[PDB]
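This report concerns only the one structure given below.
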Amino acid sequence: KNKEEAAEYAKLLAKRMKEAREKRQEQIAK
Amino acid sequence: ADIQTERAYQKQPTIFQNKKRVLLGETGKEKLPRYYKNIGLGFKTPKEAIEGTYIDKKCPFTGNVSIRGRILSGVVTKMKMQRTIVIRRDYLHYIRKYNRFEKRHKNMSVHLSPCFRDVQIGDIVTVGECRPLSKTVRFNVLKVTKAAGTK
Amino acid sequence: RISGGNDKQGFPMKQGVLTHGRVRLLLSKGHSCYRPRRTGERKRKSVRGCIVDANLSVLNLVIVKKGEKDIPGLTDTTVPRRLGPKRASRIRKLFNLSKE
Amino acid sequence: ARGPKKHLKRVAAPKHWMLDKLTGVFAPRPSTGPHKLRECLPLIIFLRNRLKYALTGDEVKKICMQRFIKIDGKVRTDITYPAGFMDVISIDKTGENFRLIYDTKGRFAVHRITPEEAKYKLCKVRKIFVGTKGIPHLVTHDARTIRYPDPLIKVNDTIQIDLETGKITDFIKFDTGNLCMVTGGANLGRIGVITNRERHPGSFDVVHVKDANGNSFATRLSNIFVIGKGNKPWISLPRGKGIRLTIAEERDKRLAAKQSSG
Amino acid sequence: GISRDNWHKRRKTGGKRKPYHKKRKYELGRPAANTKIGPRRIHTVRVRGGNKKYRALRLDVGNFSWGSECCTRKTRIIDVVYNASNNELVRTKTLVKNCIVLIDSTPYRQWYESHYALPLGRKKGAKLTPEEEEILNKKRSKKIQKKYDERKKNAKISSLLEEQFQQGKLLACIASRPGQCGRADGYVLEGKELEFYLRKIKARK
RNA sequence: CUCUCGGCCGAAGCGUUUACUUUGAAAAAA
RNA sequence: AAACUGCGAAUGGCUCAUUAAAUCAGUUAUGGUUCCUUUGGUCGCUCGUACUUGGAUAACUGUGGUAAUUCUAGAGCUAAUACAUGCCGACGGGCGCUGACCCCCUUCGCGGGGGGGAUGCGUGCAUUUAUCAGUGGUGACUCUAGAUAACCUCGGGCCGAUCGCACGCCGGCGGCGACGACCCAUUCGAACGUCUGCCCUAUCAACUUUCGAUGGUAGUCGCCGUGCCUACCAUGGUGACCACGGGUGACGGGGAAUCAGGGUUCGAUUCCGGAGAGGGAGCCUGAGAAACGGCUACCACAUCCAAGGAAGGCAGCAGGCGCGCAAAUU
Ligand SMILES: [Mg+2]
Ligand SMILES: [Mg+2]
Ligand SMILES: [Mg+2]
Ligand SMILES: [Mg+2]
Ligand SMILES: [Mg+2]
Ligand SMILES: [Mg+2]
Ligand SMILES: [Mg+2]
Ligand SMILES: [Mg+2]
Ligand SMILES: [Mg+2]
Ligand SMILES: [Mg+2]
Ligand SMILES: [Mg+2]
Ligand SMILES: [Mg+2]
Ligand SMILES: [Mg+2]
Ligand SMILES: [Mg+2]
Ligand SMILES: [Mg+2]
Ligand SMILES: [Mg+2]
Ligand SMILES: [Mg+2]
Ligand SMILES: [Mg+2]
Ligand SMILES: [Mg+2]
Ligand SMILES: [Mg+2]
Ligand SMILES: [Mg+2]
Ligand SMILES: [Mg+2]
Ligand SMILES: [Mg+2]
Ligand SMILES: [Mg+2]
Ligand SMILES: [Mg+2]
């Protein structure tokens, strides 16, 4: 259970950080 | 201003003052870094606290105290203790039988930081509630405003 | 072996009291001559000292070695040691059993 | 008083239980649990006073000891178990499901839900903290802590929990325009769209909420529970759709029902 | 027994306060743990909530940190030389918080000689018995010797600490509470704090 | 009340501070 | 049945003696603490006989002592989720440090740069200290998490030697539960604080401070913030806006009687809070008493006694005496 939860949260965190980085790029563009 | 007047050594606990320094970076003294915090509720940190050298563990800006709860105001009445003053709070108490008020007051002993210099008998102080600092002190002076006819 | 006894008023004999007479002790759980009624209770009780004198009702003695003669009703019979061992390890020890 | 208190005087019980005065001196005294004592509905009150499945406390005990009552999918044999807001009570033997939802007059209504809707619930998030090798943790109003939550989930948000597994399925962020229910105070039980939230640092934050009929009311931030995203609730609402009628229109409605009866 | 209540005290106006209840268990106090220097003796206290306080009665070993070098070692507590609160505490050799103590310097010297490959606190007789000659000079590859030579450029100790190392005993401040945690930990004095306490100790005698 | 921020508004101060008056919230049951 | 173990006995009931900014009420705070239990999380994260460990003791059986108690002694057995003790496994490694050696690179070369590595020490969460950098959070942390060097109490911290019901599959794996457990959160609280509010009395006008009064520094103790206590300092702190002292036929509120309006008086009394268990004091156990249907003393009463000793606490329900104008069934 620990291993599976950690892997799933790693995937979700990667997606969330990618979206945040894209928004930061949009901000720095403007 | 010498800050070592007690039997023990006065020092801000958070700051480490014995960091190794090479002789190439020995331009006099290292200008000992100052610990200070920004208390919230829209109160500015006095420049004295940032650029000072006093040691005051009860200071709201450089000591270990948290401002929480009630924020009150008073007039300074006495400044005869070390780092703490006596302020006066006046109010009117309503009496319903007569539909009329009566003037009342109560004194409060509040801690005054060394960051507030040139405090005179008569100015207004905004104090904020904190944990018990002594037997009778539960407030810390957060702001000082001069009297109406100061120089 | 002098195992214990009672004085002329029924008060028991304690082991660590080096007196000829009676004393009062604050006895607690884990002490002889005391049975606590609730958890953490201690009681002040009278106890006779550990030194044997003439002021005793009964003296409890234990045979530790046997002579050559047999006391009529003390060293001839036997008791069939009811309630043998219960823990498996104790059974194995008693019957010299192996692990298998 | 040394140590904790174990009794509850009947007249000192919370008023929304709707307990009478002459039945006895005492009240059920909810057990310690996920919901606060003043804001819960004990199992005995619901099973006996509300649903009339039992006539006495002993009958409630007899019901619960056959393991028929499930609270959020788990069998609960404690008759004073505190069941609170958004809890799901399932009775499979008779085959019904209820959700504890505040009525307009601040009382837990008997609200029957479909078995499809009894598989999940909504929980307000109370705090988020990082612990134990940088693992985030959520704490809900139901006292359940969930590790590895979505990084977007912040305090005062709402999460949909699958009762079978206990994991988050989706969430609603606390923002203006989202539907909410008031879970405490004078406006308890009222449903409306959040209009504005004013912040008072060091003090309580006030949230303004507008009904579907245009009425507005304020509450404290701790009394707000996000129910749906936008105008649409994520759960089924009780018969009163969360709007409060004044005593005049309530009397008019009662009179109209009386006239139409017969 | 011992009490810590605020109601036996006078009011801020100086008037007497008449008690409205008798002494409560949660206001209790306990006799002080006047921790001495000697072979370890620690007693445990069952405190409120069922938790445990460790009451150190005798201590001879502490965990002390050299902050400038970040070298924490378990050393032997030797003597008490200063106490800012009372002088009888120095006279009776009592370990309390913020008490100035003399700690053995051997582990720190060992770490210094193993980490910098430079002698510390040594006399001019230059005995350097084997296994110390090895630890000080040794033979190393070019990379290892280069790393040690890089280290040697920023290995200079203050003169006061060098004198103390020559004597074999360092001055340290106890940052723990022996009467509450059963431990006498702290940090080696250096910098302006060392100068302050040296001046105070000299003026005391 | 205006100069700045974010999507004409939402934000920010501060208009010397209040008292007063009106509203809102929080306020055991009996 | 009994007995050991576990839990409760700290709730409830009674009464109103004490108590005059005390209690209590409304409002706030704990970013200054403790918390049995319920509920959720965590519980191969640690690189170091197990197909099961050891010694007792009760119940029970037998000898007893004392005038006398819910007094207990000696002897003979025997259990554990009581007392202790203590592995395997996951386990292959990873990660810090170490760095014998080996390789590549450049540079004639030197030298510089970049790698791989044997051998050693350490390692997880709790604890104590010091240092470094700045995942999530707050109005505000010296918060949360992270990194490093160590520590880790013999009066020891966690890392399951426990029970029940169904039984199974592939030679080993397993489904439901119940107990237990460090830590975090939650519930029930509790404990200190903040702000405002109390009757009469000046035939009580100055009080506190040498034995803490007010504040500062360092500590001790405490669950923690604090003159709570200690050492050294400073001379402060309250008052005609009534301090301090005295009185009360004063437990405080929600409330009650009367009342056009305004008021006056009552509130021991079933809900909330406080206090006490003849009067003081001190403690054990426990998550929680300074508990009295727990214990230890002294003071006042008082019971049995074979005179050596033993046992007490109805302001619990009934009931008796006494007091009274004044109040019910063993
Ligand atoms: Mg009670
Ligand atoms: Mg707050
Ligand atoms: Mg604990
Ligand atoms: Mg009311
Ligand atoms: Mg028992
Ligand atoms: Mg229990
Ligand atoms: Mg108990
Ligand atoms: Mg649990
Ligand atoms: Mg025996
Ligand atoms: Mg202090
Ligand atoms: Mg002080
Ligand atoms: Mg003193
Ligand atoms: Mg009275
Ligand atoms: Mg009254
Ligand atoms: Mg009364
Ligand atoms: Mg009376
Ligand atoms: Mg009461
Ligand atoms: Mg009591
Ligand atoms: Mg009496
Ligand atoms: Mg008592
Ligand atoms: Mg009684
Ligand atoms: Mg009682
Ligand atoms: Mg009676
Ligand atoms: Mg008569
Ligand atoms: Mg009558």
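Throughout, protein chains are lettered first and strands after them, A, B, ... in sequence-line order, and every chain is numbered starting at 1.
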Establish whether [N] and [M] are paired, applying the Watson-Crick or G-U wobble definition with both distances under 3.5 Å.
N       : M       : result
G:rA22  : G:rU66  : no
G:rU34  : G:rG189 : yes
G:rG146 : G:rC132 : yes
G:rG219 : G:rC229 : yes

Answer yes or no: does a side-chain N or O of [X] lie under 4.0 Å from OP1 or OP2 of [N]?
X        : N       : result
E:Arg10  : G:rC244 : no
E:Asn6   : G:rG225 : no
C:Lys86  : G:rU78  : no
C:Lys14  : G:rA73  : no
C:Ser89  : G:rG54  : yes
B:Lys106 : G:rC195 : no
C:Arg37  : G:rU72  : yes
E:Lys22  : G:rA291 : yes
B:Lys135 : G:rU214 : yes
D:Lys127 : G:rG137 : no
B:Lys78  : G:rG215 : no
E:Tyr26  : G:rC192 : yes
C:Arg90  : G:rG55  : yes

Checklist entry - Of D:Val182 and D:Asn196, whose nearest nucleotide on RNA chain F comes first from the 5' end? => result D:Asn196
Checklist entry - Toward the 5' end of RNA chain F, which comes first, D:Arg38 or B:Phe101, by nearest nucleotide? => result B:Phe101
Heavy atoms from C-beta onward define the side chain here; which of [options] lies closest to that of [X]?
X        : options                   : result
D:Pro4   : G:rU129, G:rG137, G:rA287 : G:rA287
C:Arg24  : G:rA310, G:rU144, G:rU238 : G:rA310
C:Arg81  : G:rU142, G:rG31, G:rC77   : G:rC77
E:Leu28  : G:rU39, G:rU129, G:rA290  : G:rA290
B:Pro132 : G:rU209, G:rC77, G:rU226  : G:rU226
C:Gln9   : G:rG308, G:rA287, G:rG13  : G:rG308
C:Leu83  : G:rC223, G:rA59, G:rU187  : G:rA59
E:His21  : G:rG276, G:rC151, G:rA100 : G:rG276
E:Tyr148 : G:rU34, G:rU187, G:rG99   : G:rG99
B:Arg88  : G:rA20, G:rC241, G:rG54   : G:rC241

Side-chain donor/acceptor of [X] to base of [N], under 3.5 Å:
X        : N       : result
E:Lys25  : G:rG286 : yes
E:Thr72  : G:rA149 : yes
C:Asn6   : G:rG64  : yes
E:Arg177 : G:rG222 : yes
D:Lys133 : G:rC45  : yes
E:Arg30  : G:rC221 : no
E:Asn63  : G:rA150 : yes
B:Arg7   : G:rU217 : no
B:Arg68  : G:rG32  : yes
B:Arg70  : G:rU27  : yes
E:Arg4   : G:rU226 : yes
E:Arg11  : G:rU208 : no
D:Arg10  : F:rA30  : no

Tell me whether [X] forms a cation-pi arrangement with [Y], defined as NZ or CZ under 6.0 Å from the six-membered ring centre and within 45 degrees of its axis.
X        : Y        : result
C:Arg48  : C:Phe11  : no
D:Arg76  : D:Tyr81  : yes
E:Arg140 : E:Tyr148 : yes
D:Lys127 : D:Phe129 : yes

Item to check | D:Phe26 and D:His7 aromatic centres sub-6.0 Å | outcome: yes
Next on the checklist: Quick check: B:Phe101 with B:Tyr94 (ring centres under 6.0 Å apart)?
Outcome noted: yes
Checklist entry - Paired with G:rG177: which nucleotide, if any, by Watson-Crick or G-U wobble criteria at under 3.5 Å for both distances? => result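 Across all strands, the one nucleotide that pairs with G:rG177 is G:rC163.
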Checklist entry - Sequence neighbours excluded, which residues qualify as side chain to side chain contact (heavy atoms under 4.5 Å, CB included) partners of C:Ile2? => result C:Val52, C:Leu59, C:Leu61
Which part of the nucleic acid, if any, lies within reach of [X] when heavy atoms closer than 4.0 Å are counted: base, sugar-phosphate only, or nothing?
X        : answer
D:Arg147 : sugar-phosphate
E:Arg55  : sugar-phosphate
E:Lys147 : sugar-phosphate
B:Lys103 : base

Next on the checklist: Checking side-chain polar atoms at under 3.5 Å, does E:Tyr82 have a donor or acceptor matched by the opposite partner on B:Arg7?
Outcome noted: yes
Item to check | Watson-Crick and G-U pairing of RNA chain F, under 3.5 Å, as dot-bracket with | and [ ] | outcome: ((.(((..))))).................
Next on the checklist: Measuring only the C1' atom in each nucleotide, how far is G:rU270 from G:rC16? A whole number of Å is fine.
Outcome noted: 15 Å
Item to check | Aromatic plane relationship, E:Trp66 with E:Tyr108 - under 30° parallel, 30 to 60° tilted, over 60° perpendicular | outcome: perpendicular
Checklist entry - Hey, can you check G:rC24 for me, is the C1'-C2'-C3'-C4' torsion putting it north or south? => result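 By the sign criterion, G:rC24 is north.
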Checklist entry - Using the rule for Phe, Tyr, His and the six-membered ring of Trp, do E:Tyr20 and G:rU19 stack at under 5.5 Å and under 30°? => result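 Stacking is absent between G:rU19 and E:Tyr20, given that the ring centres and planes do not meet under 5.5 Å and under 30°.
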Checklist entry - To the nearest angstrom, how far is C:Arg87 atom CZ from G:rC77 atom P? => result 16 Å
Item to check | side-chain hydrogen bond (donor to acceptor under 3.5 Å, both in side chains) pairs, two or more places apart, involving residues 130-142 of chain D | outcome: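 Found D:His35-D:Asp142, D:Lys121-D:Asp142.
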